[PDB]
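Inspection log for the structure reproduced underneath, given as structure tokens.
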Amino acid sequence: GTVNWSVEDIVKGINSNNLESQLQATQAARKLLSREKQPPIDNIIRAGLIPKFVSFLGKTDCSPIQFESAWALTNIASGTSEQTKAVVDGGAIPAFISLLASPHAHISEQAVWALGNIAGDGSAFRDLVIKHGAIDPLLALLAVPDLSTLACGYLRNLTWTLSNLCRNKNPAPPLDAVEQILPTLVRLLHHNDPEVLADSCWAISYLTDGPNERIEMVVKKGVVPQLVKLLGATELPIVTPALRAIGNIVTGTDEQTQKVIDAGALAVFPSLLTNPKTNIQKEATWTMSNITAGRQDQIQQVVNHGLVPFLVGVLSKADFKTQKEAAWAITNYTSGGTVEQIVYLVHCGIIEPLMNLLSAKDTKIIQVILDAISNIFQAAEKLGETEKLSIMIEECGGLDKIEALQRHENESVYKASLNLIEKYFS
Amino acid sequence: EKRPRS
Amino acid sequence: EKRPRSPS
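Chains as they are written, first to last, in the entry's author numbering: chain A, 72 to 497; chain C, 378 to 383; chain B, 378 to 385.
What follows is the structure in structure tokens.
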């Protein structure tokens, strides 16, 4: 009898001051807010029902109305920022944190869910949820000897909410909150549920998306080997955040990059650099570009793992945004690599796909490619072999393209393209 | 990410 | 050098 009420009828029941009439109107509101087709969230808000729902959260003597109002508020909070703000403005944050201690599992789970929606709105509400003290009772729900004893959906909701507490930048989450959460994240990262694993990886990817000090907090917990293992998962929803975290880590110091290499990550990149999902190839190639921007011994590990032919492959054929990352990987490679490493790069056939990408109507990748050509010529000068490279570039049509770039509009494109020809093709 | 309960 | 990830 609570199906398809009007908002007016819901208001009538909630204003009735009959607890059972209030409970049924609240359930009717929950069912209204649970429909896929355009749930009347704004009409419920404008009816002034949020403070009433929040008040119902505190009725410990009537657990069903706590549950129904928590569910109704969860779905309002899952909407726009203005709709989430209406829930927060109703005082729902401390009420939901109090419900985390509920003896009813389905009620505390709803409070977990609601706080995840609120924290997921942005850094402001995230930090406000933290200031209200949500982390201690949330982590206390996971303080069991074995996570497998917890209900699966319950554990998935807790992991997701914890990930939203790790989410967003400007500012990043408070340092002490991250330290408080991380040991539980590491444990969730070893759980055997695919959705817990995915959301745990997402949380780690958020925490590593920052300066080296943030990356270091994660790396010192020793999770890089587990991240590398999850890099090899068959589930794309796990590989994607695991790869984002690995890529974030290698934006840090050479020592942090080395932890990724030491853990065996490069052995997965033959598959990642040919992955059918465009986003995986792009992320994997971007990651490779930050590894080839490392030390010469790290460039050498890329060589030993047979990854240069795979970089030649993505440069030859990939989505353009992936080919752009491949161009960066080559320019970084030639900028920091030894003469012998650069020679090997030419031997793998980098020149022709490099030249072909000078056709691209992207002024930055042209600058990137021209830089790599200069770097390769500089290594050819140290060998006295610039003539042979000049022949290679012309034979594949590269010099025709470089000379067309002399009439290019953007400045450093045509300055650099004349310097190449003036010096090596003249 | 926000999630409604359907 | 290293290139951190774009916000997009």
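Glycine included, every Cβ here is placed at the ideal spot set by N, Cα and C.
DSSP three-state call for residue i: helix, strand or coil?
i, result
"residue 126 (chain A)", "helix"
"residue 341 (chain A)", "helix"
"residue 273 (chain A)", "helix"
"residue 497 (chain A)", "coil"
"residue 109 (chain A)", "coil"
"residue 87 (chain A)", "coil"
"residue 365 (chain A)", "coil"
"residue 178 (chain A)", "helix"
"residue 406 (chain A)", "helix"
"residue 292 (chain A)", "coil"
"residue 207 (chain A)", "helix"
"residue 421 (chain A)", "coil"
"residue 434 (chain A)", "helix"
"residue 358 (chain A)", "helix"
"residue 223 (chain A)", "helix"
"residue 374 (chain A)", "helix"
"residue 488 (chain A)", "helix"
"residue 429 (chain A)", "helix"
"residue 382 (chain C)", "coil"
"residue 131 (chain A)", "coil"
"residue 469 (chain A)", "helix"
"residue 67 (chain A)", "Here chain A has residues from 72 to 497 only, and residue 67 (chain A) is not among them."
"residue 230 (chain A)", "helix"
"residue 350 (chain A)", "helix"
"residue 76 (chain A)", "coil"
"residue 150 (chain A)", "coil"
"residue 400 (chain A)", "helix"
"residue 235 (chain A)", "helix"
For residue i, I'd like the list of residues in its chain whose CB is within less than 7 Å of its CB, leaving aside the five on either flank, ordered along the chain.
i, result
"residue 114 (chain A)", "78"
"residue 337 (chain A)", "372, 373, 376 and 378"
"residue 394 (chain A)", "385, 386 and 428"
"residue 231 (chain A)", "187 and 270"
"residue 362 (chain A)", "321, 328, 369 and 373"
Is it right to say residue i is buried, meaning 16 or more other beta carbons lie within 10 angstroms of its own, or is it exposed?
i, result
"residue 109 (chain A)", "exposed"
"residue 380 (chain B)", "exposed"
"residue 325 (chain A)", "exposed"
"residue 355 (chain A)", "buried"
"residue 220 (chain A)", "exposed"
"residue 316 (chain A)", "buried"
"residue 88 (chain A)", "exposed"
"residue 223 (chain A)", "exposed"
"residue 152 (chain A)", "exposed"
"residue 475 (chain A)", "exposed"
"residue 263 (chain A)", "exposed"
"residue 391 (chain A)", "exposed"
"residue 293 (chain A)", "exposed"
"residue 90 (chain A)", "exposed"
"residue 270 (chain A)", "buried"
"residue 268 (chain A)", "buried"
"residue 246 (chain A)", "exposed"
"residue 282 (chain A)", "exposed"
"residue 353 (chain A)", "buried"
"residue 471 (chain A)", "exposed"
"residue 383 (chain B)", "exposed"
"residue 274 (chain A)", "buried"
"residue 460 (chain A)", "buried"
"residue 365 (chain A)", "buried"
"residue 280 (chain A)", "buried"
"residue 367 (chain A)", "exposed"
"residue 473 (chain A)", "buried"
"residue 253 (chain A)", "buried"
Near residue i, what residues of its chain come up, given a Cβ to Cβ distance below 6 Å and the 5 sequence neighbours on each side ignored?
i, result
"residue 161 (chain A)", "121, 122 and 125"
"residue 487 (chain A)", "441"
"residue 81 (chain A)", "96, 99 and 100"
"residue 277 (chain A)", "237 and 238"
Here's a check: name, in chain order, each residue in its chain whose Cβ is nearer than 8 Å to the Cβ of residue i, leaving out the five neighbours to either side.
i, result
"residue 457 (chain A)", "448, 451 and 495"
"residue 172 (chain A)", "179 and 208"
"residue 248 (chain A)", "201, 206 and 236"
"residue 165 (chain A)", "203"
"residue 227 (chain A)", "264, 266, 267 and 270"
Any heavy atom of the ligand PLP closer than 7 Å to the beta-carbon of residue i?
i, result
"residue 430 (chain A)", "Among the ligands in the structure shown, none appear at all, so the ligand PLP cannot be discussed."
Cβ pair count under 8 Å reaching 3, the segment 156 to 176 of chain A against the segment 185 to 205 of chain A: yes
Under 8 Å: do the segment 478 to 497 of chain A and the segment 330 to 349 of chain A share three or more Cβ pairs, one atom per stretch? no
Answer yes if the segment 138 to 152 of chain A comes into contact with the segment 86 to 103 of chain A, meaning at least three C-beta pairs across the two stretches below 8 Å, and no otherwise. yes
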